[PDB]
Each structure stands twice: as structure tokens, then as C-alpha cells.
Amino acid sequence: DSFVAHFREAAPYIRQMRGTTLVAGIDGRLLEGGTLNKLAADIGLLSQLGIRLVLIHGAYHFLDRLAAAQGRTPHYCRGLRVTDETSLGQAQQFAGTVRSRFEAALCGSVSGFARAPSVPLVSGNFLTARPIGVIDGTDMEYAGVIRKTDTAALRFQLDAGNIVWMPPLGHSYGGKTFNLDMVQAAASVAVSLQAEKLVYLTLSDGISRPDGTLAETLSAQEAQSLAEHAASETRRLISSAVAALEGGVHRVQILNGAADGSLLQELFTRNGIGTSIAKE
Amino acid sequence: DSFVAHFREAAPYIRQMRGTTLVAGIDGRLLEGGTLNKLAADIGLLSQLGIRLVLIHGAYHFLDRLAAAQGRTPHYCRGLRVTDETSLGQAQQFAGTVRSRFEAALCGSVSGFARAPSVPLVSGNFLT
Amino acid sequence: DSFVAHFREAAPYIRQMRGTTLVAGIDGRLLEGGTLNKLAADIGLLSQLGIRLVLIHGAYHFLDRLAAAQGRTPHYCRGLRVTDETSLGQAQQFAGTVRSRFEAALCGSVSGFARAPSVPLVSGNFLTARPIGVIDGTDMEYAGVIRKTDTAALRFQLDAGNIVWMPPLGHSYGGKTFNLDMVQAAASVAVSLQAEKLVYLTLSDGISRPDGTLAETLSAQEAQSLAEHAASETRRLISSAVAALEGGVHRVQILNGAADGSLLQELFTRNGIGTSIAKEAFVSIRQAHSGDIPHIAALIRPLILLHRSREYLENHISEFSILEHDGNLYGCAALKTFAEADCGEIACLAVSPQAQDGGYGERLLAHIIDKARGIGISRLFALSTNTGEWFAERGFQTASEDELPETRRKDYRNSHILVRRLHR
Amino acid sequence: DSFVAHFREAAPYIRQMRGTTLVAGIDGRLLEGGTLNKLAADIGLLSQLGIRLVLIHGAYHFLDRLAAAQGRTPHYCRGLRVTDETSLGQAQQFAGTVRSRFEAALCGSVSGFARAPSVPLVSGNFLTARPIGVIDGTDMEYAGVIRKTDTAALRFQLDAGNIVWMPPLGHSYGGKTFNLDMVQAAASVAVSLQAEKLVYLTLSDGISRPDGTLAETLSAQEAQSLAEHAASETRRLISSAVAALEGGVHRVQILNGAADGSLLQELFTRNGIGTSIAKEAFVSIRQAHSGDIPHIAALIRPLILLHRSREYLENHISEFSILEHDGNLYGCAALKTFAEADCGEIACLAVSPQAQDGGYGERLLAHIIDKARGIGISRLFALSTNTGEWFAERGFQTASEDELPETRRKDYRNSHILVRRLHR
Ligand SMILES: CC(C)(COP(=O)(O)OP(=O)(O)OC[C@H]1O[C@@H](n2cnc3c(N)ncnc32)[C@H](O)[C@@H]1OP(=O)(O)O)[C@H](O)C(=O)NCCC(=O)NCCS
Ligand SMILES: CC(C)(COP(=O)(O)OP(=O)(O)OC[C@H]1O[C@@H](n2cnc3c(N)ncnc32)[C@H](O)[C@@H]1OP(=O)(O)O)[C@H](O)C(=O)NCCC(=O)NCCS
Ligand SMILES: NC(=[NH2+])NCCC[C@H](N)C(=O)O
Ligand SMILES: NC(=[NH2+])NCCC[C@H](N)C(=O)O
Ligand SMILES: NC(=[NH2+])NCCC[C@H](N)C(=O)O
């Protein structure tokens with residue numbers, strides 16, 4: 001269509017998004033190739049439209065490849081990862097590497113043809129975690145869950161215009177580090193700060209129905225139906241999205257982070273691409 | 001010496017440090033042992049006394065000890081270390097590990113016997 | 001001790017005191033000699049550590065000496081001074097003189113060797129007073145009591161960093177001045193602004209017991225006991241301290257203002273010098289929360305302890321109890337339970353060397369046997385590799401592994417196994 | 001009178017008005033001649049004394065003349081104007097012209113001899129209106145009523161020191177303009193922002209009584225009485241004033257905007273010119289508090305009075321009553337009581353010379369005999385050295401000391417002792 005027709009459709013969403021909080025749970029796999037640079041440039045723009053952004057990457061696939069590649073097969077126990085000392089150790093390393101990689105991409109990306117101000121990015125000690133403990137007799141070791149979240153520190157960073165970067169790691173009162181599950185920690189953080197949007201950036205178009213068709217919009221009730229017999233990965237997502245919706249998050253959106261402009265199509269058009277989920 | 005003699009000498013400097021900026025460059029070897037804990041604890045204390053703290057850690061020893069262990073020999077020119085792809089890779093990794101290690105010590109430590117607020121730490125794309 | 005050890009003890013109190021409000025009722029007699037200069041320098045420092053300070057001097061002794069010296073013997077009527085026009089008149093004069101004297105001392109004092117900013121001091125019309133009237137037929141004349149206090153003006157001065165100076169005088173809506181009683185007006189002001197501390201600077205070490213020993217800490221209940229038969233001066237103090245505590249003041253402290261550094265020893269050490277008074281007993285035992293884990297960890301490090309990778313401390317924090325004295329966490333203990341309902345285990349009993357040999361362990365043991373009895377459990381176990389003698393001296397007999405609960409016997413495969421039978 | 005006497009009367013009102021909000025409904029007719037310039041200069045001054053001002057002009061007379069002059073006779077339907085497209089059209093034009101005219105007058109007016117800053121004036125889209133619809137079968141066309149008012153925008157303009165100018169027009173969600181009725185929209189706006197004053201500037205002195213006399217003060221109840229049979233114009237006013245009072249506006253004042261200085265006489269003197277209206281009767285009698293002591297003292301000074309050292313005024317304030325008119329404390333009286341339960345004494349009856357010979361004393365006497373009867377007491381005494389004739393004319397007979405209560409007889413050892421017997 002014409003430029004005007006598209007702008008008439010985008011502009012209201014710009015009015016609405018500005019000042020809004022959006023929590024992005026980003027798949028670890030997206031933070032490397034040509035995609036990283038694409039994500040960073042688009043995430044940059046959102047920041048520049050005044051959306052308050054909290055970013056959280058995942059790491060299970062990288063930890064899973066890395067383990068296999070060195071002899072130890074990874075154990076999941078009713079769905080959550082067992083994380084031993086070595087893995088924890090590599091998890092800290094991975095967060096370091098992905099953090100750097102993202103700052104660089106952010107620094108070297110462009111928004112258009114004119115010169116923009118640079119984009120401020122921040123991390124800190126916002127999440128205090130605790131060990132899950134033992135499940136079905138199995139020790140979950142350094143697998144952890146959010147205990148306490150420094151919501152006031154987050155709001156403070158966000159009110160100042162900063163993008164907040166969180167790794168799937170937390171510290172404990174007992175002085176140790178724990179591996180968090182990103183899909184869940186993003187849901188939990190979003191509930192904590194009453195975020196208007198929780199966005200999962202995945203390698204998939206969103207939630208497909210048993211017949212292949214991309215869902216598109218789901219109520220929580222319909223989402224739980226879909227989850228009955230579906231892949232534990234799509235099951236985890238939905239379990240977490242519904243919990244977010246239950247806690248007050250307005251919308252949870254699931255997209256393909258490897259598809260060019262996905263984020264901009266989802267947030268600024270009425271149909272979006274991907275799957276939108278709401279309480280009712 | 002007595003408490004009051006010690007408090008008397010210390011108190012002026014508290015008055016002076018509050019609102020002061022202190023940039024600390026910390027040897028990377030310092031962020032592992034019981035020294036970590038002992039350190040994190042005191043940085044923790046400084047922070048509660050209103051000092052403004054900017055911590056910057058080193059890596060050269062880590063990277064050189066990581067080289068020896070794997071056959072490579074570190075090359076320095078005019079004090080500064082030559083840094084290959086692989087080394088840069090190892091540094092981003094090391095940073096991850098030490099930033100976590102330090103956060104955990106901080107969270108797990110104590111100023112005194114009374115319950116106190118937790119100490120906020122922040123990082124960011126400050127350096128181009 | 002070393003500098004470091006002293007600083008480790010003072011620093012937390014500096015974190016805590018800053019932003020805090022402290023009301024000082026200062027004895028008139030302290031505002032003259034070498035002591036004045038000492039007080040002023042120390043009060044200066046406190047101001048410089050960001051403590052919010054409201055100062056109020058007394059005057060009865062000066063008014064009492066001055067009257068005697070000119071023929072009129074002073075009348076107290078059930079404890080409070082009768083203040084006639086002449087005395088009132090001299091009271092206004094005295095406040096003037098003591099005010100000047102204090103500014104000068106403040107101005108000319110030093111805090112250390114380096115150059116500090118000067119210390120701002122302020123007074124104003126904060127107290128509106130009213131006449132007590134007549135008691136037992138006697139006219140109290142210009143003796144007065146606080147009617148209304150400009151709390152918002154005070155907070156305003158204090159938020160700006162000013163020391164506030166109040167004389168024991170107030171004005172009335174009827175356009176006259178009244179003599180206040182300092183001990184009481186300080187209590188009243190402190191209640192008004194919900195001050196964390198009310199400090200009485202006296203010519204005495206604090207409240208002594210009938211046997212001479214300095215008290216040290218008192219609950220309000222114990223303080224009122226002491227007051228039954230004691231000097232009307234120590235009686236007035238306690239009557240006012242208890243009222244402050246009743247109104248919300250956290251602590252009321254009584255010291256010797258003529259003893260060098262008193263104020264600094266009281267406020268920045270755990271023991272203090274002098275007498276500390278609180279609404280309830282110092283020492284309480286409460287249920288632990290995630291927030292206490294680091295204190296419990298630090299209370300355990302000095303050992304005799306598993307606790308490296310993840311924890312039982314994390315997920316079972318709720319079954320720990322901690323002992324605190326005056327806000328300091330000095331001990332902890334846990335009660336572990338079993339598939340067997342009549343069993344339990346006391347675990348992690350620890351009191352820091354700092355507070356040790358003072359009865360706290362035993363208070364923790366008493367507390368957890370009560371918790372255990374409260375839920376059935378008739379046999380309480382302790383397994384320990386070194387602390388056996390303590391429990392053995394305290395009702396625990398040695399037991400054999402064959403007496404352990406299933407899971408515990410499994411674990412124990414290794415030191416002294418002791419039990420004590422409890423009364424349901 | 002002297003300059004000082006006038007300034008003593010104006011100054012308090014300046015303290016009070018500043019920060020206050022005042023909504024002025026101005027008659028359209030006032031916005032043209034020599035009067036416009038007068039209004040603008042006075043309105044300027046008010047602005048400069050920090051009064052928050054919201055101005056709203058009327059237009060019915062101009063719309064009514066304009067219609068007649070071009071053949072169409074104006075229809076009112078149960079009191080409100082029918083406004084057709086043409087009229088609406090002219091109404092927009094009129095608001096434009098009156099707006100300009102007012103800015104010019106404001107710009108070119110002066111406040112005194114020295115040079116003042118200019119006076120900021122602002123309008124915007126604060127009122128969203130809706131059509132009244134149909135009444136008694138008649139279509140009211142573009143006649144409208146306030147639907148929604150942007151109170152936050154108004155407060156914002158006002159906090160910044162701006163005079164706000166509103167025309168009697170509003171827009172609708174349906175995208176059309178409507179004619180508002182000024183008298184009503186001013187009442188509605190005033191209720192919306194909880195204004196302390198709603199002022200109607202008219203071509204009349206205020207509300208006259210059926211006999212010609214200017215009213216002056218009215219309670220709402222009395223105002224509604226007056227409205228029963230009066231001109232629909234004075235009826236509209238009162239209907240709107242009462243609604244404002246009902247919604248929280250403190251006072252509604254009605255004056256002559258064409259009388260020089262009217263506004264300044266109304267707002268800064270105790271009597272005003274014009275008509276003041278309040279929710280409840282002006283004049284109330286309430287129980288005294290410590291806060292009134294200075295007013296009572298000042299009410300007593302002019303005498304006949306003990307009251308030097310300390311007071312009975314201080315500690316027995318609770319037994320005083322004060323009479324106020326429109327917020328002014330003009331009188332007081334006390335009831336003193338006795339070991340004898342059937343006795344009492346009226347003491348300190350005082351009404352300031354300023355408000356005297358206006359019935360207040362007697363209202364205070366009536367009030368305290370009711371208090372006294374409410375507690376038994378069948379004999380009320382007054383002892384007075386000069387005011388005997390007043391009480392003697394008002395049911396008090398002379399009594400002998402032998403009738404006094406014990407304590408009172410003791411005290412009296414000396415002027416006229418009078419009593420009045422009361423009905424239990
Ligand atoms: C056991 C302990 C916690 C009790 O603490 P406490 O606060 O001193 O308790 P109390 O003051 O009630 O008891 C003091 C008495 O116990 C004595 N005591 C200390 N350790 C003892 C031991 N191992 N065996 C016997 N008695 C001991 C003290 O010398 C003191 O003796 P006294 O009263 O004749 O002067 C003790 O303080 C301690 O030393 N704890 C060390 C760490 C620990 O206990 N770890 C694990 C325990 S399961
Ligand atoms: C007595 C007093 C308080 C009553 O006040 P008030 O508000 O005028 O009361 P009212 O208006 O109901 O009474 C007005 C009438 O009282 C009259 N009056 C005033 N003082 C009087 C007196 N000493 N003797 C007789 N009548 C007197 C006024 O002239 C007026 O007469 P009028 O109604 O025929 O015109 C009076 O106002 C007064 O002058 N008070 C002076 C101070 C005082 O009273 N001190 C102590 C009293 S115990
Ligand atoms: N998959 C969808 N149906 N998306 C609708 C998105 C609507 C809107 N632009 C938003 O970001 O919330
Ligand atoms: N006399 C005492 N026991 N004093 C204890 C003082 C403890 C603490 N430093 C305070 O100022 O409150
Ligand atoms: N008409 C009257 N009675 N006016 C009294 C006005 C009193 C006061 N100055 C005011 O503006 O409210």
C-alpha cells in the first residue's frame with residue numbers, strides 16, 4: 001500500500017508503545033549470525049521510539065551442544081535442566097560472550113541514513129536466585145529459580161531510557177550462582193514489573209496448530225488446550241505465557257526472531273506476524 | 001589503641017569520602033579465593049559509606065596462564081598484550097565468569113551483625 | 001584492638017545513624033567548663049556524619065543555685081518546679097547565655113587535623129507551651145508544659161542539615177513565656193518527630209542498680225521497677241523515657257556527658273557505655289527469612305558444616321530460628337523433622353564468638369525444644385563432632401545409631417549421637 | 001477612615017485570597033464601554049495579587065438584540081435559549097470579538113503609577129459540551145450543556161499564574177459547537193475545580209428583596225425563598241448559585257460590574273457591596289479551641305478583665321464559646337460551673353465594637369443558657385461592674401452575695417451581682 005496508509009496504521013501504536021514496558025526473552029541461537037546484527041538494529045529503533053526494554057537471552061541449546069561435544073549427555077528432569085558446576089561455569093562464560101557480541105552489534109548498527117545518538121545499555125545484580133533442590137530423587141544441582149527481583153532498580157534504569165540486559169543467571173543469599181530458565185525468568189520478570197508485553201523471540205513463526213497453521217491470537221484457555229499434547233518446548237512457552245497473563249502482563253507475543261523486521265511488523269500493525277496471547 | 005582514638009582518626013575521612021569518586025583497578029588474580037569474599041565484603045562496606053565506586057578488573061594473568069596451558073606463548077609489545085581472536089574470545093568469557101563470581105560474593109557477604117540493605121551493582125556499554 | 005577491628009564495629013552504625021533523628025536532653029551544668037568544648041566538638045562530628053540533631057538544655061540547677069544565692073528557697077510541688085516571674089526572667093537570660101556559649105564553642109572547635117566546613121545551628125519558635133496551673137492548691141505560676149509542637153518546621157530544619165537548638169522555654173497563645181522541664185520536653189519532642197533515639201546527657205554513667213552496678217540495658221518494665229524507690233531525679237528520667245518508648249521512640253539512652261568520648265562510644269559500639277532502654281526486652285528469638293541466610297552463613301563459616309554447593313539453608317530457611325540482641329543477629333538454630341513424628345534434631349546451633357558465654361546458646365536450645373514440644377516430638381537429637389559436652393551438660397544422654405530416625409541413620413553413614421527426652 | 005485602618009481590614013483578605021480560585025461569570029453587556037477598561041484594570045490587579053482567575057462571559061443579550069434586529073424573534077423554552085445554526089454562528093463571532101477587546105483593554109490598562117509586568121491570559125479547549133436535545137416537543141437545536149471539563153488543564157494554567165478566559169461555547173464528541181448558558185457553566189466549572197468563590201458580575205447591585213433593599217448575605221435556604229416569585233433572570237442566578245454551594249463552592253457573590261471598584265470592595269472588606277451567598281447561615285456558634293485564645297484575648301483587651309500572668313483562658317478554653325460571622329470571630333462567652341450542680345456563671349461575654357449592636361451578644365447569651373440548661377443549672381449568674389443594665393434588660397434580676405456559690409462568694413471578696421432563673 002501507500003506510505004500514508006502504512007503510517008496511519010503505525011502511528012497510533014507509536015503513541016501507545018512509548019513509555020510501555022516490553023520484556024523480550026531471546027533465544028540464545030539468535031545471538032550470532034547475520035541475525036544478531038538485524039536484532040540489534042531493530043531493538044535499537046524500539047529503544048529510540050521510547051519503548052522500555054528488558055532483554056533476557058537463553059542458553060540451553062548452547063549448553064546442550066557444548067556438553068554433548070565433550071562426552072556428558074545433558075539430563076532433564078521433568079522438563080528442567082540439571083546444571084552441574086562445569087555447566088554453570090560455562091554458562092557464566094557464555095553470558096559474557098553474548099553480552100559483548102550484543103554491545104558491539106548495537107554499537108555498529110544503523111537506524112537509517114541520518115546520524116542518531118548511541119543506544120545506552122545496562123546490566124546489574126537484579127535477580128537473586130535460589131536452587132530448585134531435588135526432584136524425583138534427582139539433585140538439580142545449580143539449576144535455580146528467581147527468589148527476589150530488584151524491581152525498583154529495574155524501573156530506575158528504565159525511566160532513565162536504558163535498555164536492560166539480563167543473562168539467565170542469578171546470585172543467591174548463600175553466595176553462589178544459579179542457572180535460570182529464560183522462558184520462565186522472562187515471565188517472572190514481566191509479572192514483577194507489570195509489563196504490558198512479554199515477547200518471546202524464537203526460531204519459529206509462533207505457535208502452530210496441530211494442522212500446521214500459525215495460530216495468530218489465542219486466549220489463555222485456548223493456549224492451554226494446544227499445550228496438552230505438544231512439544232515440551234512449545235509447552236514451556238505456554239505454561240509461562242499463561243502464568244504471565246495470570247499475573248497481569250497484558251499480552252504475550254511469540255515470534256520468529258530470525259525473520260527480517262518481524263518485531264516491527266508484530267508491534268506496529270494490527271495483525272502482526274506471529275502469535276499473540278491474551279488472558280481473555 | 002582505644003576505640004575513641006580510632007573513631008576520632010577515622011571519622012574525618014568518612015566525612016571526606018562521602019560523595020567522592022574512587023576508581024579501582026583490580027588485579028584479576030584477586031577475584032577467586034577467600035580474597036574475593038574478603039574483598040567483595042569491603043567494597044560492600046565502602047559503598048554503604050557513600051563512596052562512589054567504579055571497579056575495573058584485569059585479565060592478562062588469566063590469559064597468559066590460559067596460554068601456557070595450551071601451548072601458545074603471550075606476546076607483549078610496549079607493555080600491551082597482542083590479542084588474537086582466540087584470546088579476545090577467552091577474555092569475553094573470563095569477564096562473564098568474574099562478573100558472576102563477584103556478584104555472588106557481594107550478595108552473600110555482610111557489613112556487620114545487623115540486617116542491612118543489599119548493594120546494587122551496574123554494568124553497561126560505557127566504553128567505546 | 002587494631003584499627004580495622006574497631007572500624008568493622010563502627011561502620012555499620014554509621015550506615016544506620018545517617019538520616020536518623022536523635023533528640024539530646026543536655027544537663028545545664030555541662031554547658032560551661034572544659035566539658036562544653038568537648039561536647040561541642042563531638043556534637044559537631046555527629047552532625048558531620050549526617051545525624052539529625054535536636055538539642056535541648058536544662059536549667060533547673062542554675063535556677064536553683066541562683067535563687068538560693070538570693071534568699072528565695074525554690075519550691076517543688078509533687079516533683080515539678082514552681083517558677084515565679086523573677087525565675088522565668090532569669091531563665092530567659094540563661095538560655096541566651098548558654099546559646100551564645102555553645103555557638104562559640106561550636107565555631108572554635110575542631111574535628112581532626114584537616115579543615116572541615118563549619119557547622120550550621122538554628123533555633124526558632126517551635127514550641128507553644130501552656131501553664132500547668134494549680135496543683136494541690138499551689139499555684140505553679142510560670143511553670144509550663146508543651147501544648148503544640150511545630151513538627152513540620154523541625155523536620156524542615158533537619159532535612160536541610162541543621163542542628164536545632166531548643167531552650168527549655170515556650171510561648172503561649174496567651175502571649176506569655178513558660179518554663180519547661182527539659183527531661184520531659186525532650187521526651188515529648190522525640191515522640192512528636194518519631195525520633196529513633198532520645199539521649200539524656202547527664203553527670204552520671206547512666207542508671208545504676210540498688211547495688212551500684214551500672215544497669216546497661218533495660219526493658220521498660222525493668223526500668224519502672226528500678227524507679228519505685230529511687231531518687232526523684234532518676235525517677236523523672238525513667239518516667240519520661242518510658243513515655244517516649246510508649247510513644248514510638250526506638251531507644252532511650254542515658255550517659256555521662258562529662259566523660260570524654262561518651263557519645264561516640266555509646267552510638268558506635270555494640271556495648272556502649274551508659275544505659276540503653278527499649279520498649280521490650282533486648283534479645284528476642286524470631287523465625288528466620290531468606291534475608292538472614294547471609295548472617296547464618298557467616299555464623300556457620302567459623303566451624304562441622306556441609307554447605308558449599310547450593311543449600312538446605314536456601315530451601316529450608318523457614319525451619320531456622322535466630323537470636324537477636326538490640327538488632328544484632330548473634331545466634332541461630334534449626335529444628336529438623338522426620339517421617340517419624342516423635343523425632344527431631346537440633347542442628348546448626350551457633351552463637352558467634354563475639355556474644356558467646358552469655359547464655360544465648362541455651363536460650364536457643366530452650367526455644368527449639370519448645371517449638372519441638374509444640375508439635376509432638378518427644379525425642380530431640382543432636383549429632384556433633386565437638387560440641388557434645390555442652391549438650392551433655394544440658395540434659396542430652398549419649399544414644400546409639402539404632403535410635404536414630406531411618407533417614408538420619410542412613411546419613412550418619414559419624415560423631416557423637418545424643419538425645420534428650422521431652423515433656424509433651 | 002485612615003489609610004492604616006483600611007489596610008488593617010484588607011490585608012488579611014490578601015493573605016487569604018492568594019492561591020484561592022475565583023470563577024467570574026461576567027455579563028456580556030459589561031464588555032464594551034468605559035466599563036470594560038475598568039473591569040480589565042481591576043481584574044488585572046486581582047491577578048497580580050495571586051488570585052487564580054477563571055473568566056466566563058455571557059452572550060444572551062447580544063444574541064437577543066442581534067436576532068430581533070434581523071427579524072427572528074428568540075424562543076426560550078422553559079427558561080433556556082433555543083440557539084439555531086445562525087445564532088450559534090454569531091455566537092462564535094461574538095466570543096472572538098469580546099476576546100480581542102478584553103486582551104486590548106488588559107494590555108492597555110494600568111494598575112498604578114509604577115511599571116508592572118504584563119498580565120498573562122489564556123484560553124483552550126477545556127469544555128466538551130453536549131446538546132440538551134428536545135424539551136416539551138421543542139428542538140433546542142445547538143443549545144448545549146457541559147458534558148466534561150478538563151479540570152487538570154485548568155489547574156495547570158492556573159498554577160502557572162495565567163488568567164483563563166472561557167467563552168460560553170463548547171465542542172462535542174460529535175464534532176459540533178454548542179451554545180452554553182454562562183450563569184450555569186460558571187457554576188459548573190466552579191464545582192469542577194472546587195473553587196472558593198463564584199462571582200457573578202451583573203448590571204445590578206446583587207439580589208434585592210421584594211421591598212427593594214439589597215439582600216447582602218443569604219443562606220441557600222433563604223435564597224431559594226427569594227426565588228419563588230422573582231424574575232427568571234434572578235431565578236437562574238439563584239438556581240445556579242445554590243447548585244454551586246451544594247457542590248462545594250464556599251461562597252457565591254453577586255455584584256454590579258458597572259460600579260467602580262465593586263470587585264475590590266466585595267473581596268477585600270468584611271461587609272462588601274453586593275450579595276454574598278453561603279450553604280449555611282452566616283453566623284454560627286461553636287466551641288472554642290486553643291487556636292482561638294489569641295482572638296479571645298484580643299476580644300477581651302478592650303476592657304473588667306483579670307488575665308495577665310498565665311491563664312484560666314489556657315486551661316479552661318474548652319468552656320468558651322465563640323460567635324463567628326462569615327469566618328470572622330466577633331464574640332465569645334464562657335460558662336463557669338460549680339461544686340453546686342444547679343449553678344452557673346456567664347463570664348467574658350464580649351462582642352467587638354466593630355460588630356456590636358447587631359444582636360450577637362444576645363445570640364451568645366441564648367447559646368450559653370442552652371448549654372447551661374442542657375446540664376441542669378437553673379440559676380445563671382452574671383457579675384459585672386458596668387454591663388449590668390444589658391443583663392438586667394434581658395431577664396437578670398439583682399441578687400445578693402448570699403445567693404452565690406461558695407467559691408464565687410469567696411472570690412467576690414465587687415460589683416453588681418445578677419441572676420436569671422432557667423427553665424429545665
Ligand atoms: C554451643 C554454643 C553455641 C553455646 O553458646 P553460648 O551462647 O556460649 O551458650 P551459653 O552461654 O548458654 O553457654 C556458655 C557455656 O558453655 C561453655 N561451652 C562452650 N563450648 C563448650 C563445649 N564444646 N563443651 C562444653 N561446654 C562448652 C562455655 O565455656 C560456657 O561455660 P560456662 O557457662 O561454665 O562459663 C557455644 O556458644 C559454641 O561455642 N558454639 C560453637 C559452634 C557450634 O556450636 N557449632 C555447632 C554446634 S551443634
Ligand atoms: C454586652 C455586649 C457584649 C452585648 O453585645 P451586642 O452584640 O451589642 O449585643 P446585642 O446587639 O444583642 O445588644 C445590643 C443592645 O445592647 C445595648 N448595650 C450595649 N451596652 C450596654 C450596657 N452596658 N447596658 C445596656 N445596654 C447596652 C446597645 O446599645 C444595644 O442597644 P439597642 O439594641 O437598643 O440598639 C455589648 O456588645 C458590649 O458592649 N460588650 C462590651 C464588653 C463587655 O461586655 N465586657 C464584659 C461583659 S460581662
Ligand atoms: N499476532 C498478532 N495477532 N499480533 C497483533 C499485534 C497487535 C499490536 N500491534 C501489538 O503489538 O500488540
Ligand atoms: N548502653 C548500651 N547497651 N548501649 C548500646 C548501644 C548500641 C548502639 N550502638 C546504639 O547506639 O543504639
Ligand atoms: N456581600 C457581602 N456580605 N460580602 C462579604 C464579603 C466578605 C469577604 N471579603 C469575601 O470576599 O468573601
# chains A, B, ... in the order shown; residues from 1 in each chain; ligands from 1
$ residues_near_ligand --ligand "ligand 5" --cutoff "7 Å" --atoms "only C-alpha atoms and all ligand atoms" --output "number ranges by chain"
D: 13, 216-217, 251, 253, 266-276
$ residues_near_ligand --ligand "ligand 3" --cutoff "8 Å" --atoms "only C-alpha atoms and all ligand atoms" --output "VMD selection string"
chain A and resid 13 197 216 to 217 251 253 to 254 265 to 277
$ residues_around --residues "range 31-38 of chain A" --least-positions-apart "4" --cutoff "10 Å" --atoms "only C-alpha atoms" --output "PyMOL selection string"
chain A and resi 26-27+42-44+57-58+97-99+101-102+104-110+257-261
$ closest_residue --among "B:17, B:43, B:53, B:23" --to "residue 106 in chain B" --atoms "only C-alpha atoms"
B:43
$ residues_around --residues "residue 84 in chain D" --least-positions-apart "6" --cutoff "12 Å" --atoms "only C-alpha atoms" --output "NGL selection string"
:D and (63 or 67 or 72-76 or 90-91 or 131 or 139-144 or 177-179)
$ select_by_dssp --residues "range 255-332 of chain D" --states "strand (DSSP E or B)" --output "PyMOL selection string"
chain D and resi 255-256+275-278+284-287+320-325+328-332
$ write_last_selection --atoms "C-alpha atoms" --output "mmCIF file, in the first residue's frame"
data_model
loop_
_atom_site.group_PDB
_atom_site.id
_atom_site.type_symbol
_atom_site.label_atom_id
_atom_site.label_comp_id
_atom_site.auth_asym_id
_atom_site.auth_seq_id
_atom_site.Cartn_x
_atom_site.Cartn_y
_atom_site.Cartn_z
ATOM 1 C CA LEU D 255 -22.344 42.268 42.210
ATOM 2 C CA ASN D 256 -22.624 45.204 39.891
ATOM 3 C CA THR D 275 -24.867 39.889 47.832
ATOM 4 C CA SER D 276 -22.933 37.054 49.394
ATOM 5 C CA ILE D 277 -24.454 33.562 49.483
ATOM 6 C CA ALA D 278 -23.373 30.542 51.529
ATOM 7 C CA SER D 284 -22.539 30.220 63.882
ATOM 8 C CA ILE D 285 -21.629 29.486 67.445
ATOM 9 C CA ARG D 286 -19.014 26.838 68.063
ATOM 10 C CA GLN D 287 -16.910 25.551 70.878
ATOM 11 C CA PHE D 320 -15.692 29.078 75.966
ATOM 12 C CA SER D 321 -17.973 29.581 73.003
ATOM 13 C CA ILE D 322 -17.199 31.820 70.068
ATOM 14 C CA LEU D 323 -19.520 33.515 67.624
ATOM 15 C CA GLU D 324 -18.360 33.801 64.065
ATOM 16 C CA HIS D 325 -19.829 35.640 61.112
ATOM 17 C CA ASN D 328 -14.803 36.373 61.405
ATOM 18 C CA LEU D 329 -14.660 35.722 65.227
ATOM 19 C CA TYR D 330 -16.662 38.654 66.588
ATOM 20 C CA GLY D 331 -17.705 37.392 70.020
ATOM 21 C CA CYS D 332 -17.210 34.897 72.814
#
$ closest_atom_pairs --of "chain D" --to "ligand 2" --cutoff "6 Å" --atoms "only C-alpha atoms and all ligand atoms" --output "CSV"
residue,atom,partner,partner_atom_place_in_ligand_line,distance
D:347,CA,ligand 2,48 (S),5.8
D:348,CA,ligand 2,48 (S),5.2
D:349,CA,ligand 2,47 (C),4.6
D:350,CA,ligand 2,3 (C),4.1
D:351,CA,ligand 2,3 (C),4.6
D:356,CA,ligand 2,8 (O),4.0
D:357,CA,ligand 2,11 (O),3.4
D:358,CA,ligand 2,11 (O),4.0
D:359,CA,ligand 2,11 (O),3.3
D:360,CA,ligand 2,7 (O),3.9
D:361,CA,ligand 2,9 (O),3.5
D:362,CA,ligand 2,12 (O),3.8
D:384,CA,ligand 2,48 (S),5.6
D:386,CA,ligand 2,23 (N),5.8
D:387,CA,ligand 2,23 (N),4.0
D:389,CA,ligand 2,24 (N),4.1
D:390,CA,ligand 2,25 (C),3.6
$ interface_residues --of "chain A" --to "chain C" --cutoff "7 Å" --atoms "only C-alpha atoms" --output "mmCIF file with C-alpha atoms, in the first residue's frame"
data_model
loop_
_atom_site.group_PDB
_atom_site.id
_atom_site.type_symbol
_atom_site.label_atom_id
_atom_site.label_comp_id
_atom_site.auth_asym_id
_atom_site.auth_seq_id
_atom_site.Cartn_x
_atom_site.Cartn_y
_atom_site.Cartn_z
ATOM 1 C CA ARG A 130 17.665 -19.944 44.717
ATOM 2 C CA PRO A 131 18.321 -23.654 43.957
ATOM 3 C CA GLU A 141 22.465 -29.080 41.468
ATOM 4 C CA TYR A 142 22.989 -25.468 40.218
ATOM 5 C CA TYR A 173 21.979 -15.196 49.566
ATOM 6 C CA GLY A 174 24.203 -18.242 50.113
ATOM 7 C CA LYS A 176 26.522 -18.941 44.701
#
